[PDB]
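S.K.: Sharing a structure with you now.
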Amino acid sequence: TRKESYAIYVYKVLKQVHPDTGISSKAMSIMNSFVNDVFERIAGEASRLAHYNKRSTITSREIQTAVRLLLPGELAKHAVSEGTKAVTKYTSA
Amino acid sequence: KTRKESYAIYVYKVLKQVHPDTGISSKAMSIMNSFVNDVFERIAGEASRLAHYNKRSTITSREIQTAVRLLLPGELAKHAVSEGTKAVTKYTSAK
Amino acid sequence: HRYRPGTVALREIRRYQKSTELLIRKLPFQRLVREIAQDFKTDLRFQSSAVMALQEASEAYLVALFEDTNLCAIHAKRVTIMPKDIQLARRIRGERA
Amino acid sequence: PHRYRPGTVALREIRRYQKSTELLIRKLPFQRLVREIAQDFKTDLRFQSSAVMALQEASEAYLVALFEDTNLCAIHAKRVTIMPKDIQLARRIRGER
Amino acid sequence: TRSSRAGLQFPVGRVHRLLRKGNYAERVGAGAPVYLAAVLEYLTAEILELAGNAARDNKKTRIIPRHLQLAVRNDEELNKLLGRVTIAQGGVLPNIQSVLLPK
Amino acid sequence: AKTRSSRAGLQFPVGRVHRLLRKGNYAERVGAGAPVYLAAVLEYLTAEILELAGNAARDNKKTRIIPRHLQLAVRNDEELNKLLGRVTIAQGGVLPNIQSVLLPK
Amino acid sequence: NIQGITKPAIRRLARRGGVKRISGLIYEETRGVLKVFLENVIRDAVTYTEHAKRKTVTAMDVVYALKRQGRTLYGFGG
Amino acid sequence: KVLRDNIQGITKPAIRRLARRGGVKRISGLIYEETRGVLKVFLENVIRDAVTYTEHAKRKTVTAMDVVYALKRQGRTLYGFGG
DNA sequence: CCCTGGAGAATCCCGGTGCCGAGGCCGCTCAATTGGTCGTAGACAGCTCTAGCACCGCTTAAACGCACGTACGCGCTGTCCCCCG
DNA sequence: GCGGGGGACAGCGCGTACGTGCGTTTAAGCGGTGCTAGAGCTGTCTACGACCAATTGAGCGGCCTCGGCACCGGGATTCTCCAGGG
Ligand SMILES: [Cl-]
Ligand SMILES: [Cl-]
């Protein structure tokens, strides 16, 4: 049956970043875990923020501030910029 | 003047059920209310993952139950499952 | 007369573990709180309960910390706590690196 | 003949095991252990061979993390040899029971 | 009600509302607000039990935060549960390390 | 372009991140920028990590990123290391670090 | 300001802490420690206020922060 | 067939090997039993939980996932096995 | 000068008192309950097909057990000063 | 701030436990074969939950009085540190 995975997107980005470089089955697996972990961590903390503010909906404002709690500085800052960029990009297009 | 809820009155009633000739301070009352909400989240939360983990959409008394067994220490869990299974059966009696 | 060095210490321990009142006077603490927050955002107000909450959380934490600090002192056949203990305590807690 | 001085092979072995990633507990013993403990919780359980392997991965990580912090406790006490009491201080401080 | 119908003191209604609204799952069973309200009721009893005791022991008719703390930290099983909780105005248990004591 | 990923100029599947946020009971309703944002932040990080892993792979003269390479990556970066300060990587191993007092004089 | 955390106050906390004898360098060490603590908690707190669009940090922002950090506190609206 | 004393599978050279990756040079003899003590409290914790998931999933087989969920629960998240 | 037995501080224990938050009732309202429809999540019985367990023997790497001595755990001392009163 | 006591810390030396090596011994790991239990995928029917509306009191804020207890000025008890004796 279908087992979904971020295996393609991780490949894509790896090729973008280290084009003469492959990933092992285990390594992929690990990567695949990391995405899922950070997904929940983010998604969850966003969910708390909606709730805490009697709010029925998770908008990227939530996902943003979620990010500012979860990540350490340089990581957070870049990620925020990176994120609000693709949103802007997304609206217009 | 907003109508903020709590568990205060029920905490009290249960206090009477165990220590009829004893009272409580507001400061300790907050702690009892905090305690209740914290425990409610932790159990509810666990239950929530349980459902997901098992590709199922409903949080039943069973989910709650096993949640309790992950959340609680050996003995405290034990009694909890009791009172849990009890009040449920007693509930499904009446209608 | 004179009480032998360390004997009021033991007496004070007894007195404070018996009480639940806060040990840093509110206003210095309060001023420390406002200072630190200003560095994150300007023109801010605090609920008096918001300051108490912080105070409780902080003291409780520091006491816990001395507890564990004190064990390290003791682990080193010592009786005086020293910064090197705190560093080990926190290190193992995984607070500090 | 020839004889490496005490502590010389220890340092070597550290460096050996810090370069690699392969599991240190033997595979079969490990499993027997896990099957025991699990039996004594509920009889008639089977395991995905990967599920054992998970628990082991998780087990060694912990113990190596543990020894790390044990080691610090030995050193805290102007000692170089780790002792049950060291482990014991790490676990109290980690807030394990 | 339903607190009645399950012999509970704890609002079986309130609880069913909170589970549905607090985003734990799509749908929510009938037994669970009852099972949980009960477990909540059970545990608040154990605390109120041992704190009250403690207020007797400390010779007071009214429970203050300390009595909760004492009840909690002295109970091996409760203390675990609230292993990561600081209780406002709890203080600490009295405990003085041996080697610190006079000779 | 059709793919919402392309509209956002992203490698990550914004449709997937969208389904997940709903089949996940985080809230009644989900905005439309939230998947996008999140799908991107996911990307920043997989990139940020893969970058340092590849470098780790390189020094170890290797074509292929194996978990040691992720581990070396993670615990060498102050910040990534803290994000994953409570996490274990299967086959990671540990960082070579030997305490002073254990070294011969 | 920070030095507003007085030596005697730090002494009391260590007494309730179970500590008998205190080195001089501790006091300052305590201060950095306490500072780091508040910072992290207040950083998270404020972030909640910033997200609640308020100029007044509440108790609940604090409380939410302490939860985030695994230092849960009871008695301010759990 | 009955299973008994298996903790002594955790031989002394292994409890050694781990300590080395752990940066320990000199090991006191009373360490090896304390480690087994600890490893046991450790495995009893993860498996109590792993199992509770297995029981809830109404299964006779414990999966890599039940393990991983347990670890996550105990704040010892593990990558490499699903999740 | 060290060791023993003595002395006086410091804090429980009490009786009067006193004040403000407990714990109680007043009454309004909004969250709960009731009666009811609709459809779907998941129970359950059927079926197949993975991988988990079992069992064996050829091979040998690892583990065990003992011998030896080296260098570290720790117990003692002795000084100087950093904390407690 | 003052004054002096005891705890930190450094030096040394004793006693021994733990690292090392070798020969002996045990069982892990290998891959190879065989068996069925149980997971996972499947297919039908229906019970149980969500959802809507209309009625009803449980629960909250606002209210006042009252008593558990936080306060105090007097006396009762258990530790400790000084001085006396060898
Ligand atoms: Cl149910
Ligand atoms: Cl949005």
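Ligands are numbered from 1 in the order shown, chains are lettered A, B, ... in the order of the structure tokens, and residues start at 1 in each chain.
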What does the list of residues within 9 Å of ligand 1 look like if you count only C-alpha atoms (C1' of nucleotides) and all ligand atoms, written as a ChimeraX atom specification?
M.R.: /B:58-64 /E:28-35
S.K.: What residues in chain E lie within 10 Å of chain C, counting only C-alpha atoms, written as a ChimeraX atom specification?
M.R.: /E:65-66,85-97,99-102
S.K.: What are the closest atom pairs, with distances in Å to one decimal, for all residues of chain J lying within 10 Å of chain H? Consider only C-alpha atoms (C1' of nucleotides), order rows by chain and residue number, and present the result as a Markdown table.
M.R.:
```
| residue | atom | partner | partner_atom | distance |
| --- | --- | --- | --- | --- |
| J:17 | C1' | H:28 | CA | 8.3 |
| J:18 | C1' | H:28 | CA | 7.2 |
| J:19 | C1' | H:26 | CA | 8.6 |
| J:37 | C1' | H:60 | CA | 9.5 |
| J:38 | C1' | H:60 | CA | 7.5 |
| J:39 | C1' | H:59 | CA | 8.4 |
```
S.K.: Check which residues of chain A sit at most 9 Å from ligand 2 using only C-alpha atoms and all ligand atoms, and return one row each with the closest pair of atoms and their distance in Å to one decimal, ordered by chain and rising number, as a Markdown table.
M.R.:
```
| residue | atom | partner | partner_atom_place_in_ligand_line | distance |
| --- | --- | --- | --- | --- |
| A:57 | CA | ligand 2 | 1 (Cl) | 8.7 |
| A:58 | CA | ligand 2 | 1 (Cl) | 7.0 |
| A:59 | CA | ligand 2 | 1 (Cl) | 3.6 |
| A:60 | CA | ligand 2 | 1 (Cl) | 4.5 |
| A:61 | CA | ligand 2 | 1 (Cl) | 7.0 |
| A:62 | CA | ligand 2 | 1 (Cl) | 8.6 |
| A:63 | CA | ligand 2 | 1 (Cl) | 8.8 |
| A:87 | CA | ligand 2 | 1 (Cl) | 8.6 |
```
S.K.: May I ask you to extract the residues of chain G within 8 Å of chain C, using only C-alpha atoms, and to give them as an MDAnalysis selection string?
M.R.: chainID G and resid 1:2 4:6 9:10 12:23 25:26 29 34 37:39 42:43 46 55:60 62:63 66 71 73 76
